[PDB]
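*Asks:* Take this structure, written in structure tokens, and hold onto it; I'll ask about it next.
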2 protein chains.
Amino acid sequence: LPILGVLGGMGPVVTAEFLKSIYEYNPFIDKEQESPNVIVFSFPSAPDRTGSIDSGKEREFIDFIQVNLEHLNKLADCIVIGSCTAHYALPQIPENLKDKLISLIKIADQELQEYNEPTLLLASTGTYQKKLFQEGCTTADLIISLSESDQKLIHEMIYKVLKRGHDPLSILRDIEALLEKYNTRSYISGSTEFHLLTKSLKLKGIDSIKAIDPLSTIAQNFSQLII
Amino acid sequence: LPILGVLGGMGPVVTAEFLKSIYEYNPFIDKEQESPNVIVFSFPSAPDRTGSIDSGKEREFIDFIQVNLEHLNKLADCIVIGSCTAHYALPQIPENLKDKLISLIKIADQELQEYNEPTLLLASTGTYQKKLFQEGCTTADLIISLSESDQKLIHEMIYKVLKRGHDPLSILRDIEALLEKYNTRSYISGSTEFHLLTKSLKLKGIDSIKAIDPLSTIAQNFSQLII
Ligand SMILES: N[C@H](CCC(=O)O)C(=O)O
Ligand SMILES: N[C@H](CCC(=O)O)C(=O)O
């Protein structure tokens, strides 16, 4: 049977929620044995991703990701890293250790190609600094970058609210305002933590916003994506 | 740092919820790196636990648990199996592979010793058949066994409602009735799936019921229990 390996904990809250999603969106028909087999390394003690860029110690972090990928390659058929900013370590990893990997950037890029309207990239300043989406996406011109002012306002929301486990709906008003400002009905979860907002939005049947959320897509299309 | 290993998927829904609990009850103060490091093997394709007792094939199931314990012993400092009925395989496992293990039966037994009033054991017929709680607990006389009629009614709730992911509150009325019938204000989660009820109960501030729920206890007392 096919096994997804999640290198998570770079949002312990969101890693927990991601696994909930996997079974929410793949309910069994008769028996539980039908349902997805998953492995989760939820290690919060990964060095802070943006903070490791802001100080000198990017090597400490790349070493973390590399070691845990070697583990997961032995155990899982496909692999996902539970953090967009964490993808910056990938150019420094051996190509062989990334055969099973599923880039959250690539999953967003595909979704955005099909959606085909301008969309607001919500992400941590460290994701922005590394330009992971602008450098990684075929659809990079459809991405609307936040101004530096608003990148910090988003960094606030992620760390102060979402990662702490507070009600994702609490920032909904602030996001609707941003979507209005930059003049769009859609956003990209350029910070996996916005998986928590996407779920809260879908719960209340709020259809006005189109979320391009890689974790939601990986969950929903598990059966197709995992071989 | 200390690592909990969860052999889960014997309730994929509840395994997902258990990991959510771990971070709900251990929120970080300053930084995420503080938060618990956890590994989860959520493998629903474990043979049905009660069904493996009801047919001949208990060896197929014990082999499953044994293989995955060998894996987890190499990776985690403490280990938890996410299913009470699954604990029946333990007498057939080597003693060495169970040093790191934390019996859900033992955790319930301790909690019940401190609570010290009669308490209704809610569990699958397969747990009951194997007498895991009556044979495993120092406090076995404080346990109130369900009648065979009500064991099937509980088996219904677990498989039809809880494992499918339906609102645990939907069975609250049926449980209050059972608690009244057997004349007690408390229950034991003899089926890890009742972790889902305990959480839903705590959410609505329903204090009338005292839940002895091993997963909730392991979550809340993570820092103390994991070395
Ligand atoms: N969560 C990462 C950024 C912060 C982190 O590494 O946890 C993301 O947006 O994908
Ligand atoms: N969930 C198990 C019983 C059914 C199962 O193995 O999933 C428990 O009550 O601990």
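Residues are referred to by chain and number: the chain letter is A, B, ... according to the order shown in the structure tokens, the number counts from 1 in that chain, and ligands are numbered separately from 1 in the order shown.
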Residues of region 64-114 of chain B in strand (DSSP E) according to DSSP, as a PyMOL selection string?

*Replies:* chain B and resi 78-81

*Asks:* Assign secondary structure with DSSP using the backbone only, and return the residues of chain A in alpha helix (DSSP H) as number ranges by chain.

*Replies:* A: 12-24, 49-54, 58-75, 104-115, 125-130, 132-136, 148-156, 172-181, 195-203, 214-220, 222-225

*Asks:* Hey, which residues come within 9 Å of ligand 2 if we count only C-alpha atoms and all ligand atoms? Could you give them as a PyMOL selection string?

*Replies:* (chain A and resi 32) or (chain B and resi 8-12+14+44+46-50+81-87+104+122-127+155+158-159+163+189-194)

*Asks:* Tell me the residues of chain A close to chain B, meaning within 6 Å using only C-alpha atoms, as a short mmCIF file (atom, residue, chain, number, x, y, z; two decimals) with C-alpha atoms, in the first residue's frame.

*Replies:*
```cif
data_model
loop_
_atom_site.label_atom_id
_atom_site.label_comp_id
_atom_site.auth_asym_id
_atom_site.auth_seq_id
_atom_site.Cartn_x
_atom_site.Cartn_y
_atom_site.Cartn_z
CA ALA A 16 -1.88 18.09 13.39
CA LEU A 19 -3.46 14.88 9.20
CA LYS A 20 -7.06 15.58 10.29
CA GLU A 32 -11.18 1.85 8.00
CA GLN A 33 -8.54 -0.32 6.29
CA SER A 35 -8.19 4.87 4.55
CA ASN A 37 -1.56 5.18 5.43
CA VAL A 38 0.53 8.15 6.67
CA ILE A 39 3.75 8.74 8.67
CA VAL A 40 4.25 12.06 10.47
CA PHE A 41 7.51 13.44 11.89
CA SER A 42 6.09 16.36 13.90
CA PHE A 43 9.33 17.88 15.22
CA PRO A 44 8.80 21.51 16.42
CA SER A 45 12.44 21.59 17.53
#
```

*Asks:* Within 10 Å of residue 225 (chain A), counting only C-alpha atoms, which residues qualify if same-chain residues fewer than 4 places away don't, as a list in words?

*Replies:*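 Contacts, in chain order: residues 2, 4, 78, 102, 217, 218, 219, 220 and 221 of chain A.
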
*Asks:* With distances taken over only C-alpha atoms and all ligand atoms, which of A:150, A:207, A:180, A:156 is nearest to ligand 1?

*Replies:*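 The answer is A:156, which sits nearest to ligand 1.
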
*Asks:* Looking at A:205, A:51, A:118, A:136, which one is nearest to ligand 1, with distances taken over only C-alpha atoms and all ligand atoms?

*Replies:*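 Of the candidates, the smallest distance to ligand 1 is held by A:51.
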
*Asks:* Excluding residue 141 (chain A) and residues on its chain fewer than 5 positions from it, collect all residues at most 12 Å away from it, counting only C-alpha atoms, and give them as an MDAnalysis selection string.

*Replies:* chainID A and resid 109 112:113 116:121 133:136

*Asks:* Suppose we keep N, CA and C atoms; can you now write the selection as a PDB file, in the first residue's frame?

*Replies:*
```pdb
ATOM      1  N   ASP A 109       1.445  26.190  -7.836  1.00  0.00           N
ATOM      2  CA  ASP A 109       1.636  26.618  -9.217  1.00  0.00           C
ATOM      3  C   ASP A 109       0.624  25.962 -10.172  1.00  0.00           C
ATOM      4  N   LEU A 112      -2.926  27.310  -9.410  1.00  0.00           N
ATOM      5  CA  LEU A 112      -3.027  28.676  -9.920  1.00  0.00           C
ATOM      6  C   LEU A 112      -3.131  28.723 -11.450  1.00  0.00           C
ATOM      7  N   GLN A 113      -2.431  27.819 -12.140  1.00  0.00           N
ATOM      8  CA  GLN A 113      -2.537  27.731 -13.601  1.00  0.00           C
ATOM      9  C   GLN A 113      -3.968  27.456 -14.048  1.00  0.00           C
ATOM     10  N   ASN A 116      -6.305  30.667 -12.861  1.00  0.00           N
ATOM     11  CA  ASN A 116      -6.028  31.643 -13.916  1.00  0.00           C
ATOM     12  C   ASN A 116      -6.624  33.046 -13.680  1.00  0.00           C
ATOM     13  N   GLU A 117      -6.596  33.504 -12.434  1.00  0.00           N
ATOM     14  CA  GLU A 117      -6.831  34.913 -12.126  1.00  0.00           C
ATOM     15  C   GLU A 117      -5.749  35.374 -11.157  1.00  0.00           C
ATOM     16  N   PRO A 118      -5.544  36.700 -11.039  1.00  0.00           N
ATOM     17  CA  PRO A 118      -4.559  37.180 -10.072  1.00  0.00           C
ATOM     18  C   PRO A 118      -4.891  36.802  -8.626  1.00  0.00           C
ATOM     19  N   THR A 119      -3.857  36.452  -7.862  1.00  0.00           N
ATOM     20  CA  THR A 119      -4.003  35.870  -6.526  1.00  0.00           C
ATOM     21  C   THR A 119      -2.923  36.399  -5.566  1.00  0.00           C
ATOM     22  N   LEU A 120      -3.344  36.735  -4.344  1.00  0.00           N
ATOM     23  CA  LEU A 120      -2.481  37.373  -3.347  1.00  0.00           C
ATOM     24  C   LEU A 120      -1.677  36.348  -2.549  1.00  0.00           C
ATOM     25  N   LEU A 121      -0.356  36.418  -2.670  1.00  0.00           N
ATOM     26  CA  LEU A 121       0.534  35.526  -1.936  1.00  0.00           C
ATOM     27  C   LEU A 121       0.661  35.959  -0.480  1.00  0.00           C
ATOM     28  N   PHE A 133       8.218  31.418  -4.404  1.00  0.00           N
ATOM     29  CA  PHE A 133       7.085  31.406  -5.321  1.00  0.00           C
ATOM     30  C   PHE A 133       7.352  32.154  -6.621  1.00  0.00           C
ATOM     31  N   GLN A 134       8.005  33.311  -6.541  1.00  0.00           N
ATOM     32  CA  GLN A 134       8.305  34.079  -7.747  1.00  0.00           C
ATOM     33  C   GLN A 134       9.338  33.354  -8.598  1.00  0.00           C
ATOM     34  N   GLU A 135      10.304  32.688  -7.954  1.00  0.00           N
ATOM     35  CA  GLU A 135      11.335  31.906  -8.668  1.00  0.00           C
ATOM     36  C   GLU A 135      10.883  30.501  -9.055  1.00  0.00           C
ATOM     37  N   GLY A 136       9.912  29.951  -8.328  1.00  0.00           N
ATOM     38  CA  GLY A 136       9.472  28.570  -8.512  1.00  0.00           C
ATOM     39  C   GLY A 136       8.284  28.337  -9.429  1.00  0.00           C
TER      40      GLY A 136
END
```

*Asks:* Using only C-alpha atoms, which residue out of B:186, B:151, B:200, B:216 lies closest to residue 107 (chain B)?

*Replies:* B:216

*Asks:* So, with only C-alpha atoms and all ligand atoms as the atoms that count, which of A:80, A:175, A:226, A:146 lies closest to ligand 1?

*Replies:*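 Nearest to ligand 1: A:80.
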